[PDB]
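See below for the structure under consideration.
Every read-out reported here was derived from the displayed coordinates using simple, explicitly stated rules and does not represent laboratory data. Cβ coordinates were reconstructed from backbone atoms using ideal geometry, including for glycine residues, and neighbour counts include every protein chain displayed.
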Amino acid sequence: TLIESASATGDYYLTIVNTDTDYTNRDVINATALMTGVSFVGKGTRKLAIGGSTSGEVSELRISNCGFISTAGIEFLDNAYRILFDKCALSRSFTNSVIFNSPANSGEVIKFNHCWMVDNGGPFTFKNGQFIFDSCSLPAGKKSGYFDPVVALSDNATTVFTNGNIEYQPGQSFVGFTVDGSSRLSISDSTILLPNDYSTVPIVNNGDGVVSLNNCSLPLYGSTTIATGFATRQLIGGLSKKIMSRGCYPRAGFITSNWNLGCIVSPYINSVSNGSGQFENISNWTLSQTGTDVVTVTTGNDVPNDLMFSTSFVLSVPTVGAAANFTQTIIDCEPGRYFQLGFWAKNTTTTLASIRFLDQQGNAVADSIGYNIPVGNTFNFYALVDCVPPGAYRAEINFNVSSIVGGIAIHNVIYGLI
Amino acid sequence: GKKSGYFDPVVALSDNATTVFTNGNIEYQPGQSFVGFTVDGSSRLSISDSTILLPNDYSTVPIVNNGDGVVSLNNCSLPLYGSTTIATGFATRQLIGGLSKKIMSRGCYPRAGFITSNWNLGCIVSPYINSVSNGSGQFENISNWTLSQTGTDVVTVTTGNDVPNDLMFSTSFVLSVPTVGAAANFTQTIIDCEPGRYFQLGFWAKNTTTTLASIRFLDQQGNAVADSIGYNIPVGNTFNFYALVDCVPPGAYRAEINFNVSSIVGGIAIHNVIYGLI
Ligand code: NA
Ligand SMILES: [Zn+2]
């Protein structure tokens, strides 16, 4: 354990260089390059530097069984790439955690293997570069009074997060990943664990950014505060529509009668069309009367927020005898795969929302799943995450209004596979 | 790169070998160009969460899939924009060569985006990721296509042998504009859309009229769910490959590939139209 003294000055406590600038010797030297078995305990003022404009290429360096605790971060300089952090701790950092400010001749396959990265007080700045997280855990929480330890991708950076855990402790709530410019984030075979009071989103996708989720355990049931102030109760924020998810599932299941506790992956995984009345008509929907009087439908400007749409459908029940079905079907079904269904609603009549799955001949292939929307004068988000049944060809979203004189505003209807 | 004067350092799978390439980088230095992976027999290659980086004058393909081989790409950064020399002499400007049609790709994307007005700089993953049918006139008719007149006189369409190469099809569509007043749309729609996932669109064209090619996405009721992406095909007397790689928009149910010809007496030969998800 190397504890930095209080009198230590400068910006760096350790700089890793290669005074051999010769090509012939590079592979010979870098094959055996090793730093192992040291815990560095800083005082939050000095960084670790890798490379340098005057250094030879620092690559294929194994940093194994090492700790970088309470430092001012790890900074990549010129000529630093393919560094292997092999089971290391990078925790309790001050001001910065990892600095990659697009240095020259740097960034190829930088891998964190089984790394413990928690309680940091500064961002992971990935301006370009290629970063791999494998069986890592982060962020747990942030250093109180400092900056969010966000993994911030910008320019043309890529980041893989696989076989790991994205978890926040109770009382911790901040964005963990941001994707900007033409950056890309891929998360696979991992768990994302959010405490009950988590009120933002773990991932924000901006610009030309891409986010892809693959066989991940997701917190899609239980919370009514996730993504407070976003377009929907969604796991991925931002306005970039380049969102992909396959094989993801609710962590420990989903109580299908409590759509009020549901969360979707993203509002852009949506094969519904005109799901918020943005066409200023009801194209892709049919309204089938079932009572004595006529239920009416219109498109209005009463919305919970205008982050995606400024319109909503409004179904009106003028008499106790009026009743109707408001229906759209979506040809987008893969049996055995989970789907997401979501919508905002403000209901003052009796509305039964349901989904069922039909085959190519229109036969229902399984029992429908219904949910009575609570009555009230506020918008609330509802979502269902469940598995597509065998034989399904098209999903059918239906709203049945009846019984009570009033109406329901329906905003941003969403259905897609995750 | 390769050792100068020696053999290609190709990763050559034969018989019943398997190979996984994950979390890594497949990159060639400037001035280096050779096939990096070959798949033969009943071998299988899977590439995941990796980058494939090709220099400016790279002129072949990094992967060749032969026989009963399988190649699968998963969430990879691909060089799909910028080069007109990739896969020189192959059936299309494609990243995977060979004749094996067992090609899969999900979650792949152009490395740093795609300037959607420059289809002349586009590259596709594979011509076998194709849900277009009769995309090259191989049926000797225009099944799955519609010709709709929009001007005076009549634009005509035939299938003929005018091709850039015979590696996949020996036929092409030929649209002919007889007068300056003639105009028509030549359209196929493909029900194969996953919102949020990238698509590939590609075709060979040799154009002496005014041809606006475009793709747009329609819902199940035929409404466009986003602005169409159009590309004016350059005029000339040579075949060139054009491609667009972009993201399927929300609400998309069917992709609509359209060629609008008008204005100039002449024609356009269209060869090996390709659309699929990657
Ligand atoms: Na269909
Ligand atoms: Zn893996």
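Note: relative contact order over chain A, using C-alpha pairs below 8 Å and six or more positions apart, is 10 percent.
How crowded by other chains is B:212-219, given as the mean number of beta carbons from other chains within 10 Å of each beta carbon? Can you show the working numbers first?
On the way: counts 0, 0, 0, 0, 0, 1, 1, 9.
So the per-residue partner count for this stretch is 1.
Extents of segment A:98-193, largest first, come to 40, 31, 20 Å (Cα atoms, principal axes, whole angstrom). Listed cross-link partners A:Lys111/B:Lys101; A:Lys241/B:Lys102; A:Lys143/A:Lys242; A:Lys111/A:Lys242 are compared with a 27 Å cut-off, the Cα-Cα value being larger for A:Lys111/B:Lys101; A:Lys241/B:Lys102; A:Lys143/A:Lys242. When Rg and the Kirkwood radius Rh are both evaluated on Cα atoms of segment A:334-404, their ratio Rg/Rh stands at 1.03.
With the simple model of a label 7 Å out from the Cα in the direction of the Cβ, A:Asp20 to A:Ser144 spans 4.9 nm.
Other chains' Cβ within 10 Å of B:46-53 residues: what's the mean?
Values: counts 0, 0, 5, 12, 5, 5, 0, 2.
Averaged over the peptide's residues, the number is 4.
Overall, segment A:257-406 carries a charge dipole of about 120 debye about its Cα centre when +1 sits on the Cβ of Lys and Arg and -1 on the Cβ of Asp and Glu, all other atoms neutral.
One equal scatterer on each Cα of the protein assembly as shown, no solvent, Debye formula: the resulting log10 I(q)/I(0) at q = 0.06, 0.08, 0.10 Å⁻¹ is -0.41, -0.71, -1.05. Each listed q (0.15, 0.17, 0.18, 0.21 Å⁻¹) maps to a log10 I(q)/I(0) for segment A:1-98, found by the Debye formula over equal Cα scatterers with no solvent: -0.59, -0.74, -0.82, -1.06. Computed from the alpha carbon positions, the gyration tensor of segment A:277-418 leads to an equivalent ellipsoid with semi-axes of 25, 18, 13 Å, biggest first. For segment A:184-232, the calculated P(r) over all alpha carbon pairs, in 5 Å bins from 0 to the bin holding the longest distance, is 5, 17, 26, 24, 21, 7, 0 percent. Counting beta carbons within 10 Å around each of A:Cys248, B:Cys76 and listing the fewest first gives the order A:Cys248, B:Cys76. Convex hull volume of the Cα atoms of segment A:48-126, normalised per residue: 76 Å³. Here's how it looks for A:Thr178: its modeled amide H is under 5 Å from those of A:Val151, A:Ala152, A:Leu153, A:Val204, which are all 5 or more places away or on a different chain.
Taken along its three principal axes, the alpha carbon spread of chain B comes to 61, 41, 32 Å, from the longest extent down to the shortest. Look at the dipole of chain A built from charges on Cβ: of A:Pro389, A:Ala227, A:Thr327, the Cα furthest out on the positive end belongs to A:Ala227. Helices in chain A, meaning DSSP H runs of at least 4 residues, each add -39500 (n - 2.57). Divided by all residues, the mean residue ellipticity at 222 nm is -500 deg cm²/dmol. Excluding B:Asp40 itself, calculate the net charge of residues whose Cβ lies under 9 Å from the Cβ of B:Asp40, where each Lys or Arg counts +1 and each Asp or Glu counts -1. Spelling it out: positives minus negatives among the neighbours equals -2.
What is the sum of charges around A:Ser312, taking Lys and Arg as +1, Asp and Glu as -1, for the other residues whose C-beta is under 13 Å from the C-beta of A:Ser312? In short, -2. Note on segment A:253-354: Cα Rg divided by 2.2 N^0.38 Å, N the number of residues, gives 1.17.
Within the listed set A:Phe339, A:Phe100, A:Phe279, the residue fluctuating most in the Gaussian network model of chain A (springs between alpha-carbon atoms under 10 angstrom) is A:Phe279.
Which of B:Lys3, A:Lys241, A:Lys346 comes first, and how do the rest follow, when ranked by fewest Cβ neighbours within 10 Å?
On the way: B:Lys3 8, A:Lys241 19, A:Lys346 22.
Starting with the residue having the fewest Cβ neighbours, the order is B:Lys3, A:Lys241, A:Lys346.
By other beta-carbon atoms within 10 Å, ranking B:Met104, A:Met308 with the fewest at the front produces B:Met104, A:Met308. Spin-label model, B:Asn120 to B:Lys3: label points 7 Å out along the Cα-to-beta-carbon direction sit 4.3 nm apart.
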